[PDB]
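As structure tokens, the structure follows; a few thoughts come after it.
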Amino acid sequence: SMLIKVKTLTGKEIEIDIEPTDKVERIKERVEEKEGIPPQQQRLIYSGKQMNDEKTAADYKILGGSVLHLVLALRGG
Amino acid sequence: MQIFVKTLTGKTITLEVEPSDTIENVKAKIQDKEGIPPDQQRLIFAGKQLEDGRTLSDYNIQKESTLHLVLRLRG
Amino acid sequence: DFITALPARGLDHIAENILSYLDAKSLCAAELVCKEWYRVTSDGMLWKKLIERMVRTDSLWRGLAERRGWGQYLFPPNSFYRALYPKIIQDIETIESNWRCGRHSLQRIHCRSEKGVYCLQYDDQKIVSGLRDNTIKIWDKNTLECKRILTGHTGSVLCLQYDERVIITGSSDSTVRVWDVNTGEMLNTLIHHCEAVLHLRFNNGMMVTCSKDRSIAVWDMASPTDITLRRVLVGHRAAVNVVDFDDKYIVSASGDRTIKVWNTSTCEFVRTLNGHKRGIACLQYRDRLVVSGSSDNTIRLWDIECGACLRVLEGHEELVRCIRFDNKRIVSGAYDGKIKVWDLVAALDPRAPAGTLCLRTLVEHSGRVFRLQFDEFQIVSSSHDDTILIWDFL
Amino acid sequence: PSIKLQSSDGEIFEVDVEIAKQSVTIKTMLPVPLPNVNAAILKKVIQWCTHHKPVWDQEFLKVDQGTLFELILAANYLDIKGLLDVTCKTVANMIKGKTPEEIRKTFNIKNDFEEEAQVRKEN
Amino acid sequence: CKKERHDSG
Amino acid sequence: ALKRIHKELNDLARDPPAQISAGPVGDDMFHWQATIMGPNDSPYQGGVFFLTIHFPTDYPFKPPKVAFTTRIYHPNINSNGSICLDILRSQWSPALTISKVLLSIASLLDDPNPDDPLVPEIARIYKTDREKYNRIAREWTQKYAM
Amino acid sequence: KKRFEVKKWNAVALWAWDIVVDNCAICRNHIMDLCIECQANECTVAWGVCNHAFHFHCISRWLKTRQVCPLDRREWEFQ
Amino acid sequence: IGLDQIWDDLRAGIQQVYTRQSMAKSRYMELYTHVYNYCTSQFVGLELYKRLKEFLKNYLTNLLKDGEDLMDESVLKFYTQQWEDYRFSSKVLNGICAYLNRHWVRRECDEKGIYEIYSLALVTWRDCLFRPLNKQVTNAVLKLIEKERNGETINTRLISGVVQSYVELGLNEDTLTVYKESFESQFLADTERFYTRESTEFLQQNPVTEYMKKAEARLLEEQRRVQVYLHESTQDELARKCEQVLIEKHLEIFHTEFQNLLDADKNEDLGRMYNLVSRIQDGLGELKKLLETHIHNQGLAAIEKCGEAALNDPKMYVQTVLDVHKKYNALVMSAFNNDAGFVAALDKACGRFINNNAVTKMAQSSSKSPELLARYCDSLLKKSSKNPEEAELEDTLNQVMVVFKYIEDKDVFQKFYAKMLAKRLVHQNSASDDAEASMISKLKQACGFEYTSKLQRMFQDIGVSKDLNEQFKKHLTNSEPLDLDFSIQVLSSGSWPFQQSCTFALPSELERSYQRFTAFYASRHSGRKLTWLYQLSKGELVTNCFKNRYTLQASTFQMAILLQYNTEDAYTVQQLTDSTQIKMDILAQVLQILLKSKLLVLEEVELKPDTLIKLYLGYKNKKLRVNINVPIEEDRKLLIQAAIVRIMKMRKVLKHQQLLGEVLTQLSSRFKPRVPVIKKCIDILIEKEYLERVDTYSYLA
Ligand SMILES: [Zn+2]
Ligand SMILES: [Zn+2]
Ligand SMILES: [Zn+2]
């Protein structure tokens with residue numbers, strides 16, 4: 000329904016579309032379907048809180064245009 | 001080309017500069033366009049301090065980029 | 179004659195069942211009745227089964243079996268058990284006697300021999318201690334060698350509690366960290382308090398924390414990485430020093446000279462225990478009994494239901510920093526190095542005299558004993574100096 | 002439903018299913040002949056089972079040792095745990111807290127025990 | 020910049 | 002001093018900087034938790050350092066207490082996660098905002114000030130061996146930030 | 019005869035300030051707008074030699090704490 | 015006491031029980047008493089257990105000898121009946137020896155060599171199956187299962203019996226160990242071979258479409274069979290093996306037929322193809338790829354049919370793209386079960402298609418699509434001759450929102466939509482404020498509030514302008530008369546995308562008008578700077594020089610010339626310029642727009665800088681109020712580095728070329744990288760100590 004932007008380290012703003020009641024896991028997966036980074040090397044940060052893989056996208060008070068930050072975790076298992 | 005700089009007052013401005021001008025010239029332009037002396041100026045880009053004795057090309061600053069202006073600090 | 183008629187018709191198991199309901203003295207008496215009775219008790223391993231039953235229903239016996247070693251033969264000429272029972276009773280008697288006499292070994296710490306433990310918890314394998322150098326040290330219970338060191342806390346590690354899966358610590362940097370007891374990787378970090386976290390307790394998936402910010406926070410632990418704040422308890426006008434709880438109530442002791450009892454069901458203010466002249470430094474709540482050690486150098490015992498001061502204990506020359514208890518004694522440690530051991534059974538009785546309560550005053554060190562935990566066989570303490578002291582009573 | 006239990010002598014008794022099924026032997030069996044349990048002990052166990060569908071058990075057992083022993087045998091042959099457990103606990107209570115001589119005098123046992133001295137020195 | 029009972033609990 | 006803080010949060014939610022993110026913890030709008038991403042081409046590459054900001058009652062005219070939460074290796078940050086920005090102790094200015102203080106700290110992460118440091122045991126190695134320091138800081142970053 | 023007169027006329031015009039928004043570096047509000055501590059209920070504007078301006082109620086308190094310009098470390102003086 | 019007589023009697027009773035004789039229960043109780051007294055003399085009763093085991097063994101040996109070496113069909117019924125009777129006899133026997141049973145189980149301290159009575163009977167029976175009839179019955183049941191090839195009606199019970207037997211016969215220790230291995234292995238191998246043969250033959254004289262239906266029916270049948278008479282544990286294993294061997298071998302043919310199926314509108318076949326491939330694990334790759342490519346091609350082809358008149362008509366453009374997306378969306382939702390992966394393929398397809406449309410090439414700029422979208426949205430919201438319904442307007446707006454969601458450069462669209470909204474508000478062309486508000490709210494909820502911020506500011510500003518105009522008109526009641534109806538839309542220069550590019554002359558009449566407006570404006574703002582915009586002002590004029598009192602709506606330029614004609618009309622272009630001060634690049638255009646009618650003519661025309669423009673009286677127009685107002704180099708490296716570390720930590724041991732091939736296959740789907748870039752990235756990772764150079772690159776801790 001809404002549209003967010005997963006800003007990476009370079010600056011490329013990966014525009015993604017999510018649902019007000021989606022799960023951070025889905026947001027992490029949509030990135031690979033648009034960028035190529037598997038969900039195992041992703042650390043989405045928003046308003047200073049490392050987004051958890053379980054809380055819904057609404058628990059973080061996300062709205063349209065809300066820019067999330069993405070930092071790659073090379074190890075990531 | 002042109003760059004964007006955000007002043008301490010919250011407002012944003014842009015400067016018409018080429019990749020040949022020195023950082024000192026950039027600070028001078030920011031001063032005349034805003035009104036803050038260069039001694040109390042600090043330019044940050046991509047989380048890094050901008051040395052005065054250099055030029056924009058040394059930092060790979062493309063056009064339409066953004067620069068943050070903060071006060072001076074120390075240890 | 180049952181014991182002889184029953185096995186005559188092949189009902190030996192019934193006869194043995196009859197003799198199994200006897201105690202130690204009644205069993206020896208039966209063993210001294212006749213040859214047939216003796217044969218039944220011997221053939222049926224009656225003594226062995228008696229020792230097994232005792233181990234199954236008593237903690238002291240269990241601890242002695244695991245520490246002394248004779249438990250290895252539990253669960263063998265059948266004579267070893269009959270002759271072992273008196274020796275076990277003798278050892279238990281020696282244990283309690285030295286407990287009331289003041290005997291120990293005081294095993295020191297074996298590491299670089301270098304301090305400032307604020308909270309300590311042990312088991313039969315390791316000893317977890319929250320130092321002041323912003324690190325957590327895990328020592329071996331047998332060799333006493335410094336096994337591991339967990340770093341990552343910004344401030345000093347004030348309190349900590351662990352189980353068979355994680356290690357939850359509360360530091361002075363106003364943060365709560367959940368570590369993995371097996372490997373040691375920081376699994377989670379809770380940032381909710383505005384000031385240093387003083388105490389925290391957790392069990393059955395729920396946790397309670399109290400910080401210097403005069404507030405209490407309850408958390409629902411669904412997993413080591415899934416902790417969610419449930420409610421925020423307010424009402425204390427000072428720094429909440431200690432907080433304990435169970436399935437019935439949550440007790441909170443702060444520096445405001447009062448004790449607060451809330452309902453764990455929905456955090457309902459049940460009662461408020463007053464009577465302490467100064468702030469309360471330590472407290473233990475269990476079996477519907479509360480024992481608090483405050484700054485007034487006295488130990489107050491209360492009944493959670495009525496909140497009546499059953500007894501006040503005097504004798505401490507300094508502030509009672511920590512205090513612990515079990516079904517038999519109450520071990521308290523104040524600032525001045527003085528481990529006071531009191532009798533609980535005699536304390537719960539309103540007819541006993543105050544003078545007959547202070548059993549002993551172990552004085553071997555002098556620093557402020559910050560923490561001390563005991564069981565039926567030893568006492569592990571930690572003060573400013575003297576990194577870790579082990580008070581064994583066997 | 003009511004089950005018909007034919008004692009050893011020949012007497013018959015009607016007992017409800019809910020209680021008759023308490024004894025695993027009868028439950029597995031389903038008149039019911041009991042060649043090792045007579046009507047007397049049968050009536051006693053039936054009363055105990057119905058009442059158990068303690069003080070009452072004590073009075074119910076405030077009988078001589080002969081009937082107690084017979085009750086033991088009947089409970090074993092009928093495999094009724096409850097009855098067997100309570101009767102065994104009672105005999106145990108009847109043994110505890112007495113000196114060896116007092117024990118022999120309690121159950122009218124004659125000391126058959130050097131031997132006596134050996135067991136006395138070894139215990 | 021320059022610089023600017030131990031019981032916290 | 003709640004209107005100013007609310008406006009600052011609004012701005013952070015509107016024009017977010019490059020490597021800065023700060024938001025409230027819970028209901029207490031005076032206790033925020035920020036994040037600082039290690040600037041590229043530095044020993045702190047690909048690292049996320051968590052901070053903790055606590056606003057006083059007269060914040061517009063009083064610097065807010067900022068303290069690091071994750072251990073780090075720096076001549077201006079001790080183990081207690083205390084920062085020594087002169088703009089935070091006495092030279093504070095009501096014009097400086099959160100988005101500015103966090104950026105200043107991020108900049109300090111790259112260019113340390115060995116002169117008058119907070120941890121001599123580290124500043125010495127820095128001024129003497131600018132190579133070993135690059136490795137120790139990297140190791141610490143891999144142990145905590147990552 | 020020669021009657022070339024206009025009857026209806028509709029135009030547009032863009033209004034702007036004197037030089038810049040002069041955003042008060044204190045409450046991030048507008049100079050012409052009412053002061054922040056003044057909104058939660067006489068709020069004039071004060072200037073400095075640096076050409077910097079703020080509200081009177083804002084700069085007054087900042088001065089009470091330190092007699093220095095908030096945008097720059099030079100001294101402070103009105104007009 | 016004596017045992018010979020009582021034991022032989024008990025043995026006779028047992029013998030009579032093994033055969034369903036149904037004797038008087040008195041004999042049962044008597045036997046119970048016999049076993050009860052027998053366990054009275082750990083050594084007591086051992087003889088009883090031994091006699092029981094020996095008798096069981098002898099009876100089973102005799103039975104097997106009676107039914108040994110029989111046909112592969114009668115053996116089934118034989119074993120079933122014998123097993124049923126043996127189970128009943130053993131159950132009642134256990135009920136008889138219950139006393140002895142309980143005693144033993146509670147005496148020998150399990151953890154000797156005894157297990158239980160019922161368990162003993164089972165273990166003993168496990169000597170009439172293992173060696174004498176293990177193969178025979180299994181091969182028989184297998185032959186029947188295969189006989190199902192023609193749909194014959196089997197007993198359906200003769201098999202369930204053997205299955206329950208094998209299960210109960212499970213390890214009688216302390224459980225489907227002896228059943229699973231034997232029956233499973235055989236059943237699995239047989240059904241696998243059967244399906245392989247059936248599939249290979251069916252695919253030789255039939256199309257893939259029919260094979261899909263046959264395969265689905267076979268899967269359902271096999272799932273139901275194993276659920277009715279077979280055990281429920283072998284349900285997962287069998288289904289997995291079947292779905293694997295029946296689809297894997299034909300996955301390639303499925304891929305090939307998928308394209309042809311996509312060509313036509315065969316939904317049912319597509320749905321079944323998906324249901325079959327979804328059952329397998331990770332087989333949807335090529336399927337998603339094919340769907341994406343086909344959607345992209347369909348889009349480009351559908352737009353080619355209208356590129357001749359698309360750059361000049363937005364409506365048709367947006368409608369075409371909308372139809373393509375709507376059809377494919379409905380297909381992915383109904384047939385593909387709205388899978389979370391296929392919708393992504395449709396997304397990428399629609400995106401690439403809308404951004405690389407053929408119409409874009411005709412404009413040489415990838416910014417033509419958002420421009421057309423904005424024009425379409427404007428035409429929808431404009432106040433046309435008629436007014437469309439409300440519901441239809443809201444629905445079309447939602448559709449526009451979808452096509453917008455798929456745009457790439459949303460900023461260009463923001464700028465275009467802003468210009469259009471401005472032109473609408475100023476010219477008073479808005480259809481309905483509610484529609485504009487709904488569209489603005491939709492854009493806000495879609496791309497946040499920062500985008501819509503400027504738009505909302507523009508809206509609130511037009512409202513404030515109306516209010517200020519009312520105030521000025523209210524203060525006009527004093528001694529300040531105006532010889533013309535005046536009004537104005539004062540906009541805020543902070544949001545409107547308008548700029549000053551005229552620098553007009555401001556005639557004598559407009560002089561007094563402007564002066565009075567400023568005089569009144571010196572009452573609300575101090576730093577007020579009215580950057581007047583004349584290329585937007587409207588204008589109405591009346592004329593008496595013509596034959597009648599004509600009227601003509603125009604702008605400030607036309608009005609300027611018309612009023613400049615209040616003197617000697619024999620004026621040239623330079624004479625007019627002497628009092629207008631207009632730039633050449635715009636003045637020439639102004640004169641042309643003015644003469645682009647019969648109002649101003651010359652003495660396809662070519663205007664001259666010296667030609668005179670005299671008063672034109674022979675202007676006979678058929679209308680009044682005639683409107684003469686005519687208008703990634705770094706991203707590549709990052710992805711490469713991430714892929715390298717991922718592969719390294721995955722295998723921990725490789726070579727340089729091997730690593731190259733692996734990263735190339737894991738990155739090809741995104742784009743095409745270069746080998747030197749991979750080498751440089753490996754070195755970069757070496758700088759961070761992520762991997763090393765074995766004393771060849773190995774994973775690092
Ligand atoms: Zn202000
Ligand atoms: Zn004011
Ligand atoms: Zn200034």
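Chains as they are written, first to last, in PDB author numbering: chain N, 0 to 76; chain U, 1 to 75; chain T, 179 to 253, 263 to 301, 304 to 583; chain S, 2 to 31, 38 to 60, 68 to 127, 130 to 139; chain I, 20 to 23, 29 to 33; chain D, 2 to 147; chain R, 19 to 59, 67 to 104; chain C, 15 to 55, 82 to 151, 154 to 216, 224 to 652, 660 to 687, 703 to 766, 771 to 776.
For every residue, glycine included, the Cβ atom is placed at its ideal position computed from N, Cα and C.
Here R475 of chain T is bridged, per DSSP, to T:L478. Between ligand 1 and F79 of chain R, a heavy atom-to-CB distance of less than 8 angstroms is present.
Residue-level contact by beta carbon fails for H465 of chain T and chain C, as no gap is shorter than 9 angstroms. Counting along the chain, the unbroken beta strand (DSSP E) around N452 of chain T starts and ends at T447 to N452. Contact annotation: in the region 47-69 of chain U, residues whose CB is within less than 7 angstroms of a CB in chain D are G47, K48, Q49 and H68. Annotation: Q41 of chain U to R72 of chain D spans about 30 angstroms, alpha carbon to alpha carbon. One finds nothing in chain D with a Cβ atom closer than 9 angstroms to the Cβ of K515 of chain C; even the nearest lies about 29 angstroms away.
Boundaries of the alpha helix (DSSP H) harbouring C288 of chain T: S266 to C288, taken from the DSSP string. With a cut-off of 8 angstroms on Cβ pairs, the region 21-34 of chain C is not in contact with the region 116-124 of chain C, counting fewer than three such pairs. Within chain I, the residues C20 and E23 have their CB atoms less than 9 angstroms from the CB of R90 of chain D, given in chain order. Judged by beta-carbon spacing, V480 of chain T lies beyond the 9 angstroms limit of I493 of chain T, meaning their Cβ atoms are not closer than that value.
In the DSSP assignment, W215 of chain T falls within the alpha helix (DSSP H) that extends over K213 to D221. In the three-state scheme derived from DSSP, where H, G and I count as helix and E and B as strand, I528 of chain T is classed as strand. Looking at the DSSP output, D433 of chain T sits in a beta bridge with T:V440. Annotation: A89 of chain S is outside any beta strand (DSSP E); the continuous alpha helix (DSSP H) that includes it extends over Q79 to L92. DSSP, reduced to helix, strand and coil, places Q2 of chain U within a strand of the structure shown.
Against chain C, the CB of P42 of chain S has a partner CB under 9 angstroms away; the residue lies at that interface. Contact between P556 of chain C and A619 of chain C does not hold, since the beta-carbon distance rounds to 20 angstroms and is not under 8 angstroms.
When C-beta atoms of the region 719-736 of chain C are compared with those of the region 625-634 of chain C, fewer than three pairs fall below 8 angstroms, so the two segments do not count as touching.
When secondary structure is reduced to three states using DSSP, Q567 of chain T falls in the strand class. With a cutoff of 8 angstroms, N47 of chain R counts as near ligand 1, since its C-beta is closer than that to a heavy atom of the ligand.
With a threshold of 8 angstroms, the Cβ atom of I44 of chain R does not count as near ligand 2, since no heavy atom of the ligand is closer than that.
Residue environment for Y251 of chain T: exposed (fewer than 16 other C-beta atoms within 10 angstroms of its C-beta).
The bridge partners DSSP lists for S541 of chain C are R:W33.
At least one beta carbon of chain D lies nearer than 9 angstroms to the beta carbon of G75 of chain U. In this structure, the CA atom of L10 of chain D is about 7 angstroms from the CA atom of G24 of chain D.
In this structure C75 of chain R does not touch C45 of chain R by the C-beta definition: roughly 19 angstroms separates them, more than the 8 angstroms allowed.
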